[PDB]
Amino acid sequence: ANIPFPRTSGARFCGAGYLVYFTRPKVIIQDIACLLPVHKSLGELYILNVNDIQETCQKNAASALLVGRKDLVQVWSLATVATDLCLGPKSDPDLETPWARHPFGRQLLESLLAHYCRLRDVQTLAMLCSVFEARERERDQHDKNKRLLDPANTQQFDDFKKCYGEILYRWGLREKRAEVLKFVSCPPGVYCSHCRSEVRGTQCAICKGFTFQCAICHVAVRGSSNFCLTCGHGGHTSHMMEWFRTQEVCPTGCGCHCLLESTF
Amino acid sequence: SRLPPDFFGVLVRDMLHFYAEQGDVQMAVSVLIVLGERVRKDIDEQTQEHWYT
Amino acid sequence: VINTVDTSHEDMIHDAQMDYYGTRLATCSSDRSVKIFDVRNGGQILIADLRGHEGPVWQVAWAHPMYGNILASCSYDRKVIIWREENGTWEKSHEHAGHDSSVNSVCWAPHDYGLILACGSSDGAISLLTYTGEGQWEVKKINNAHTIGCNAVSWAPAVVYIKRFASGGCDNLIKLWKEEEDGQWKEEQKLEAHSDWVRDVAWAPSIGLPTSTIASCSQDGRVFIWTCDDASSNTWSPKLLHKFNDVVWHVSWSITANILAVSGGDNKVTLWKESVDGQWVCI
Ligand SMILES: [Zn+2]
Ligand SMILES: [Zn+2]
Ligand SMILES: [Zn+2]
Ligand SMILES: [Zn+2]
């Protein structure tokens with residue numbers, strides 16, 4: 532008629548390192653992970669600091685050694701030597717030539733990036749773009847010139863990080879996804903005790919006072935907290951963590967088993 | 626595997642020319658003498674003579 | 004490795020797909036049933052034996068975990084039926100049967116847009132179901148899609178929005194679509210290099226390279242790779258990879274779009290990889 536003929540054999544890529552297929556005579649799951657540029661172990665062992673980069677580079681070089689990435693130990697050592705604080709740019713354009721104009725800066729970064737783009741390795745691209753982020839018409843051109851990443855290609859550098867974050871979410875590591883996504887350039899009613907008003911914040915606007923008061927501690931809460939939806943009593947998070955570890959009543963003698971109301 | 630045989634063979638030449646254009650032939654000549662034979666057959670014969678002289 | 008699983012079904016198996024994490028496995032069959040297993044550490048455990056869908060099921064498609072546990076399942080009975088997992092139990096949630104003929108393909112949209120499911124039936128139309136909130140679904144149809152009927156659909160990766182998918186059908190022409198500012202799903206282009214019948218189409222994931230890649234499969238047997246890297250010229254150049262001796266059924270990409278797996282009527286599964294010279298070799 533018009534319906535096509537039934538399918539009886541197929542194969543799909545599922546997960547981040549798996550293959551699912553079935554054939555005419646059962647379905648089996650084969651771990652096709654030695655066929656992909658990315659690596660699961662490196663994702664678990666890669667650290668990414670923002671204060672000490674000189675330690676990040678060496679820590680990742682050791683991790684790359686532990687797995688057998690000979691080509692990557694070179695790259696990480698080169699990044700280590702090319703990112704010292706000794707090569708900091710100066711504000712005046714006439715004082716010195718920047719390190720970016722040197723052939724061992726931007727021109728070598730773009731010589732590694734194109735090679736890895738051809739090899740199609742998101743992991744290294746995303747980790748490299750994160751590490752290397754740190837009259838008057840002239841001063842503007844100088845500011846554009848003293849950077850190791852071209853300011854006219856920010857989009858690509860961001861989508862690299864985005865795709866790697868999605869991969870890390872697939873694998874199952876949620877802290878290391880936030881750490882990576884932290885480098886993306888673009889961005890993503900508590901009652902008061904003095905006037906009984908709905909104030910949105912840690913400080914009131916009528917009496918200009920603290921609105922939230924710890925229900926164990928009675929020191930004003932300005933940071934993180936949690937509370938029950940119905941009773942509306944809560945305070946510092948560790949305080950309730952200790953309290954509710956062994957009891958099941960509202961600490962202010964309210965009568966609610968907040969464990970059954972706060973947690974859905 | 627590894628990085629390709631000569632992946633940086635086109636950057637040391639640019640570094641040498643970069644240093645020689647500013648008038649700093651000391652660095653270029655010293656690097657040429659130290660390296661010896663890995664950068665030798667890349668620079669034209671009439672440029673090494675100029676830099677040495 | 005291997006994780007052998009016995010289906011314990013009574014008829015043939017038409018589709019099989021795993022979850023977004025590597026922990027569950029859904030199976031369609033020809034017994035009007037959809038069995039959800041739990042493939043962890045080799046376990047062939049059972050969690051559900053969902054029934055209904057009078058005809059034989061043909062395809063399944065899991066949703067993004069950020070929206071919870073959902074599963075779309077089309078079949079011959081011209082009905083798409085959608086599942087959830089409430090309080091640790093799988094149940095029928097909503098059915099939609101706005102198609103005269105059998106619905107052949109289902110494909111979820113990228114999660115950045117939201118929760119949109121595209122279903123193309125054999126009556127030459129595409130039905131898009133949008134989750135409007137509070138358990139409400141909005142349906143917008145595209146009548147007179149293909150001369151005979153659509154067979155497979157695919158969604159393009161989201162870039163910085179312009180929603181855009183790609184459908185193929187029994188008219189031997191691959192079509193592209195785009196949603197206008199008002200909401201009109203205006204046609205943009207059409208590609209014609211096949212001969213017999215296109216069965217499955219697949220659009221490559223993006224990792225930032227300015228290049229869009231679409232695979233295709235024909236009934237006579239030809240996998241054509243439609244590269245296009247002209248930025249905003251909207252020009253596509255077909256290529257070829259082989260000419261088989263059967264009906265090519267399905268093609269699937271990898272997460273980094275470097276390996277293609279093609280399965281057809283030859284009762285075999287082949288893998289492929291692009292070489293440095295620009296030719297596609299097996300492995
Ligand atoms: Zn107040
Ligand atoms: Zn306290
Ligand atoms: Zn209370
Ligand atoms: Zn309570």
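Residue numbers (full-length UniProt numbering), protein chains in the order written: chain R, 532 to 556, 646 to 754, 837 to 890, 899 to 974; chain H, 626 to 678; chain P, 4 to 163, 178 to 300. We put the CB at the ideal spot given by N, CA and C, even for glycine.
Rounded to a whole number of angstroms, what is the C-alpha to C-alpha distance between residue i and residue j?
| i | j | result |
| --- | --- | --- |
| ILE48 of chain P | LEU28 of chain P | 10 Å |
| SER11 of chain P | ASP18 of chain P | 15 Å |
| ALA161 of chain P | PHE182 of chain P | 10 Å |
| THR7 of chain P | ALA542 of chain R | 15 Å |
| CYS706 of chain R | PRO629 of chain H | 31 Å |
| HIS949 of chain R | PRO713 of chain R | 55 Å |
| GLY238 of chain P | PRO222 of chain P | 24 Å |
| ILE649 of chain R | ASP283 of chain P | 21 Å |
| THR26 of chain P | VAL42 of chain P | 6 Å |
| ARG627 of chain H | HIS211 of chain P | 41 Å |
| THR940 of chain R | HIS967 of chain R | 10 Å |
| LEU739 of chain R | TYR79 of chain P | 43 Å |
| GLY101 of chain P | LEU74 of chain P | 19 Å |
| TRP953 of chain R | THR912 of chain R | 23 Å |
| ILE276 of chain P | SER233 of chain P | 14 Å |
| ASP103 of chain P | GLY281 of chain P | 28 Å |
| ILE668 of chain H | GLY648 of chain H | 17 Å |
| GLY45 of chain P | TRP202 of chain P | 45 Å |
| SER271 of chain P | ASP22 of chain P | 15 Å |
| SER124 of chain P | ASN680 of chain R | 51 Å |
| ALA64 of chain P | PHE885 of chain R | 33 Å |
| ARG35 of chain P | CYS77 of chain P | 11 Å |
| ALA653 of chain H | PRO890 of chain R | 48 Å |
| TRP696 of chain R | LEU668 of chain R | 13 Å |
| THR244 of chain P | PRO255 of chain P | 7 Å |
If distances are taken between C-alpha atoms only, which option among the options comes closest to residue i?
| i | options | result |
| --- | --- | --- |
| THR92 of chain P | P:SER130, P:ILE50, P:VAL109 and P:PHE182 | P:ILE50 |
| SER229 of chain P | P:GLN236, P:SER235, P:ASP237 and P:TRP220 | P:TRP220 |
| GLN858 of chain R | R:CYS737, R:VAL900 and R:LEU728 | R:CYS737 |
| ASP115 of chain P | P:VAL163, P:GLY127, P:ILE85 and P:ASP80 | P:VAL163 |
| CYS31 of chain P | P:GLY58, P:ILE5, P:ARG216 and P:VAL218 | P:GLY58 |
| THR947 of chain R | R:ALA925, R:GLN957, R:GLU958 and R:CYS914 | R:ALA925 |
| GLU838 of chain R | R:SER711, R:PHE937 and R:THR554 | R:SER711 |
| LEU662 of chain R | R:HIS844, R:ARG689, R:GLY942 and R:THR554 | R:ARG689 |
Give the DSSP bridge partners of residue i, in chain order.
| i | result |
| --- | --- |
| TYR901 of chain R | R:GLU908 |
| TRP65 of chain P | P:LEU74 |
| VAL37 of chain P | P:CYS31 and P:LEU53 |
| residue 985 of chain R | A query on residue 985 of chain R cannot be resolved here, the shown segment of chain R reaching from 532 to 974 and no further. |
| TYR549 of chain R | R:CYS545 |
| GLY186 of chain P | P:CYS153 |
| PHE920 of chain R | R:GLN913 |
| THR92 of chain P | P:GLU89 |
| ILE84 of chain P | P:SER76 and P:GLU98 |
| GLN20 of chain P | P:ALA29 |
| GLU204 of chain P | P:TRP194 |
| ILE648 of chain R | R:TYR552 |
| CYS654 of chain R | Per DSSP, none; premise fails for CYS654 of chain R. |
| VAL654 of chain H | Paired residues: none, contrary to the question. |
| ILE48 of chain P | P:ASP41 |
| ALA159 of chain P | Answer is none; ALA159 of chain P lacks a bridge partner. |
| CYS299 of chain P | P:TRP289 |
Taking 8 Å as the line, does the beta carbon of residue i fall inside it for any heavy atom of ligand 2?
| i | result |
| --- | --- |
| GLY945 of chain R | yes |
| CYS960 of chain R | no |
| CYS888 of chain R | no |
| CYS927 of chain R | yes |
| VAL931 of chain R | yes |
| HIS967 of chain R | no |
| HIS12 of chain P | no |
Please find out if some non-hydrogen atom of ligand 3 comes closer than 8 Å to the beta-carbon of residue i.
| i | result |
| --- | --- |
| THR973 of chain R | no |
| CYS924 of chain R | no |
| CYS964 of chain R | yes |
| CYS737 of chain R | no |
| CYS677 of chain R | no |
| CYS77 of chain P | no |
| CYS938 of chain R | yes |
Examine ligand 1 and report whether any of its heavy atoms sits within less than 8 Å of the Cβ of residue i.
| i | result |
| --- | --- |
| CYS917 of chain R | yes |
| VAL900 of chain R | no |
| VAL909 of chain R | yes |
- Entirely within the region 228-296 of chain P and at least 3 residues each: give me those beta strand (DSSP E) ranges in chain order. 231-235, 265-269, 276-281 and 286-291
- What residue ranges within the UniProt repeat "WD 3" (101-144) of chain P form continuous beta strand (DSSP E) runs of no fewer than 3 residues, ordered along the chain? 106-111, 119-124 and 129-134
- Task: Could you name each continuous alpha helix (DSSP H) segment of 4 residues or more that falls completely within the region 838-863 of chain R, going from the start of the chain to the end?
- Result: 839-847
- Message: Ignoring anything shorter than 4 residues, give me the alpha helix (DSSP H) runs that lie fully in the UniProt repeat "WD 8" (668-706) of chain R, in order along the chain.
- Response: 673-687 and 690-701
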